[PDB]
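Q: Residues 3 to 255, 346 to 437, 455 to 791 (the authors' numbering) are what the sequence shown spells out, left to right. C-beta: ideal position from N, C-alpha, C; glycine also. Just dropping this structure here.
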Amino acid sequence: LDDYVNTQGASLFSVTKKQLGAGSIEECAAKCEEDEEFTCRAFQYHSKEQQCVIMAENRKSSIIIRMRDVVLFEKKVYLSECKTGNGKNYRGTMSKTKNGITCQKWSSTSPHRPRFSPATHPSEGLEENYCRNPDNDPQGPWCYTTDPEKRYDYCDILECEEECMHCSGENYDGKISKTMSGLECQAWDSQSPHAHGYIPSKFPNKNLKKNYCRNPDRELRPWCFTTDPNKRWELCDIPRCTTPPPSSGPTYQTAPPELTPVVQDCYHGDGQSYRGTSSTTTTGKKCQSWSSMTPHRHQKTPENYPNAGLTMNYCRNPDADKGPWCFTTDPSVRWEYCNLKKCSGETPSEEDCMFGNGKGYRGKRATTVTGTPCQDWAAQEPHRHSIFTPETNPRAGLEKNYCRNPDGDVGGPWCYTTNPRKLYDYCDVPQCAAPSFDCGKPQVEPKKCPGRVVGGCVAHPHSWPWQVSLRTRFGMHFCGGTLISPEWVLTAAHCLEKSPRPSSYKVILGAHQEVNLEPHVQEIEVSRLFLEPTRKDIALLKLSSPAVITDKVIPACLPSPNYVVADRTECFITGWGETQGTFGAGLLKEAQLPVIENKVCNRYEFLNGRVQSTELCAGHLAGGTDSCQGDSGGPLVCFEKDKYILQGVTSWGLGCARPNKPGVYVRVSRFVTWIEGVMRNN
């Protein structure tokens, strides 16, 4: 299992294949290790059908294509083009020597008569003409030459990053769970005991697995977090490569952005007519580009399907399906369904609806996407199944033939069909409609200004509802804020330092213009003032009367306690700022600045250990802006799935916007436990 890489929803065209019945994933793995008829390299497994397929063809020889209910595991020993130490377990596709001589066949006796052959030595795996080491040679894997000048010669094969690291250790896959001092390594998946912006689900291409040493930010040597509470991260003393470094490419003497709409878009039946700007799946993962071939190699390109209009990483449907589909950036997950609801213009859609992936759905629906009559869960005809029955799974509520999702499939709820050709088919089940305006969900669609734009652009009218304009007694803007509850307003402590009076301050919500305010603008004066116990630049405000939640006034989403935003994630910052004469004087402006982790920012060229765990870092690493963007106490929001979550509070008394130096912000998640406590008691 450790030497096998999983690929969800992948199927290869095979001729030399063996099919038999299997219970679990581990049961199929036993057939791969034995190798009866042929040497296994890749195997297809069905979780619901319970039919395992043992194959010989790999991704290098055969073609990968999308398929429903399939998990594909591939052998790392056959995929690796680089040698391991002496090259005994080396199973590469090398067809040339170190000098430049063609490889001779192991079975062929002409021109040179060989000692090792597939008929005599099948355990070593002497494949056709490929370089193998059957006599435990320390130099490397050798092969027979075509020319009669020499009998055998060694080959120029690269070394793996398992025993020793190359240059800095960027593509390091070495399994070592120890630091230079002797401290134990921390798991990349878990956020305990140290919170970090390096999640393996968000960064699957960066080789982040378990607790092994990885270099994802161009740091000296492969670094990893420690279990000790005093030291957050420590460098590792891994031995350097004796073999030559890998070639970059030429030796002579752009990125897809998130254009996904916040308001859920609807697809017409199948989704062939749908032409939206969406680029987010049901789970919440970044989608692969149609023109690009990395990480998943496929045929579905704009040249093959021109009528579908396959552009960028947008949600489309060319060869027809029950819903829109597109490839993902994850090398372990090939394809996933897009997070899109059903069109407006069995059970009723108003009362009967599903939550999330439809795992906790106990509806009365019994109609498939095509309209095939649904087969009973207890019945064994025309489809025989041992798993997923009303006796095996008690925490699913499998009644008659109604829609129930126990495992949690990508295509929502699933059930058996009466047709013998189809085993199982997904159903058109509607999603739960929000009864009230949820936090971090604006009604007006934002413009979405890119990070490359210097300063920023003018935001859309009423696109940012959580923006709080803190005005004086007479009526003049000076500092900004953020709305979280109809009575609670979250801002910085820098604003309250000037005057500790509650009646003097006024709150303005749903404002676009600073000078001439909109006709529907709420004005509620502050009743109570609250400050942070450890004297940090963050403060809570209590309103005298609760604000009415409308299309113009919607609060911001609150994050989980102790959570750090991922590295280089595009985040929006709103506020009027220092307006003089630049395009949009007295108007609300938006700016996109990527969030950089504390580890990267604490280096000599940026901040030099001035940022603590409670402080957040946001800005451009190259080509920044001298002028300060937004207002003091402004909201820092990130687009996740279909909602904007407040992660930072603007404060100039810690770090300002500068070229090649990111600004210092106050992280909400670290103080979230304190914010929730005030709202609970009062």
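Give the DSSP-derived three-state secondary structure of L638 in the structure shown.
A: Reduced to three states, the DSSP call for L638 is strand.
Q: Below 8 Å on the Cβ atoms is my guess for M182 versus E236; work out the distance and round it to an integer in Å.
A: The Cβ separation is near 7 Å, so the contact holds.
Q: Distance, Cα to Cα, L755 vs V624?
A: Spanning the two alpha carbons is a distance of roughly 27 Å.
Q: When the Cα of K468 is compared with those of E51, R474, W685, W523, which residue comes out closest?
A: Of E51, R474, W685, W523, the residue nearest in Cα terms is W523.
Q: Can you say whether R117 is buried or exposed, counting buried as having 16 or more other CB atoms within 10 angstroms of its CB?
A: With fewer than 16 Cβ atoms within 10 Å of its Cβ, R117 is classed as exposed.
Q: Is there contact between the region 679-689 and the region 203-219, where contact requires at least three CB pairs shorter than 8 Å?
A: No contact exists between the region 679-689 and the region 203-219.
Q: Mapping the DSSP letters down to three states, classify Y92 as helix, strand or coil.
A: Residue state, collapsed to three classes: coil.
Q: Would a C-beta distance cut-off of 8 Å place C462 and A543 closer than the cut-off?
A: It is not a contact, given that the beta carbons lie outside the stated cut-off.
Q: So the beta strand (DSSP E) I754 belongs to, where does it begin and stop?
A: From DSSP, the beta strand (DSSP E) with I754 extends over 752-759.
Q: Quick one: what's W417 bridged to in DSSP?
A: Partner(s): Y429.
Q: Between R471 and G506, is the Cβ-Cβ spacing less than 8 Å?
A: Yes.
Q: On the DSSP letters alone, give me the boundaries of the alpha helix (DSSP H) that residue 442 sits inside.
A: Missing from the coordinates is residue 442; the shown part of the chain jumps over it, going from 437 to 455.
Q: Using the Cβ count rule (16 or more neighbours within 10 Å means buried), how would you classify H388?
A: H388 is buried by the Cβ-count criterion.
Q: Could you name the residues of the same chain whose beta carbon sits closer than 8 Å to that of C238, not counting the 5 residues immediately before and after it, in chain order?
A: Only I178, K180, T181, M182, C215, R223, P224, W225, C226 meet the Cβ criterion.
Q: Looking only at its own chain, which residues have a Cβ that is under 7 Å from the Cβ of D422, when we skip the five neighbours before and after it?
A: If we look at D422 and ignore the five residues flanking it on each side, its Cβ neighbours are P206, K377.
Q: Quick test of the definition: if touching needs 3 or more C-beta pairs under 8 Å, does the region 711-724 touch the region 581-597?
A: Verdict: no, contact absent.
Q: May I ask you to report which of helix, strand or coil DSSP gives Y132?
A: Note: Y132 maps to coil in three-state DSSP.
Q: If we ignore side chains and look at the alpha-carbon of each, how far apart do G549 and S424 end up?
A: C-alpha separation (whole angstroms): 31 Å.
Q: Hey, how far is the Cα of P515 from the Cα of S371?
A: Approximately 27 Å, taken between the alpha carbons.
Q: How is the beta strand (DSSP E) around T782 delimited, first residue to last?
A: Note, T782: premise wrong, no beta strand (DSSP E); alpha helix (DSSP H) at 777-790.
Q: If you draw a straight line from the alpha carbon of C187 to that of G251, how long is it in whole angstroms?
A: Roughly 34 Å between the two C-alpha positions.
Q: Out of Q52, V72, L81, which one is the CA nearest neighbour of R61?
A: Minimum Cα distance to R61 is reached at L81.
Q: Compare the beta carbon distance of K90 and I56 with 8 Å and say whether it is the shorter of the two.
A: Taking 8 Å as the Cβ cut-off, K90 and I56 do not qualify as a contacting pair.
Q: Near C54, what residues of its chain come up, given a Cβ to Cβ distance below 8 Å and the 5 sequence neighbours on each side ignored?
A: For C54, where only same-chain residues beyond five positions count, the Cβ hits under 8 Å are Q21, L22, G23, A24, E29, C30, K33, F45, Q46, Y47, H48.
Q: Can you give the beta carbon distance from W575 to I663, rounded, assuming they're within the 8 Å contact cut?
A: Indeed, because the Cβ distance is near 7 Å, the residues count as touching under 8 Å.
Q: Which value, in whole angstroms, describes the spacing of the CA atoms of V704 and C358?
A: Distance between the alpha carbons of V704 and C358 is about 31 Å.
Q: Determine whether the beta carbon atoms of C133 and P140 lie at a separation below 8 Å.
A: Taking 8 Å as the Cβ cut-off, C133 and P140 do not qualify as a contacting pair.
Q: Please state the DSSP three-state secondary structure of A58.
A: Residue state, collapsed to three classes: coil.
Q: So what's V478 in DSSP terms, helix, strand or just coil?
A: Three-state DSSP puts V478 in coil, outside helix and strand.
Q: Using the C-alpha atoms, what's the distance from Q193 back to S778?
A: If I take the Cα positions, the gap works out to 13 Å.
Q: Look at the alpha carbon of residue 795 and the alpha carbon of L14, and state the distance between them as a whole number of angstroms.
A: For the chain, the structure presents residues 3 to 791; residue 795 sits outside this window and is missing.
Q: Within 10 angstroms of its Cβ, does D534 collect 16 or more other Cβ (buried), or is it exposed?
A: When all chains shown are included, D534 counts as buried.
Q: Measuring CB atoms only, is the region 558-573 touching the region 491-498, in the sense that at least three cross pairs come out at less than 8 Å?
A: No, the region 558-573 does not touch the region 491-498.
Q: Considering only C-alpha positions, which residue in the set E161, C105, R234, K152 is nearest to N707?
A: Residue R234 is the option with its Cα nearest to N707.
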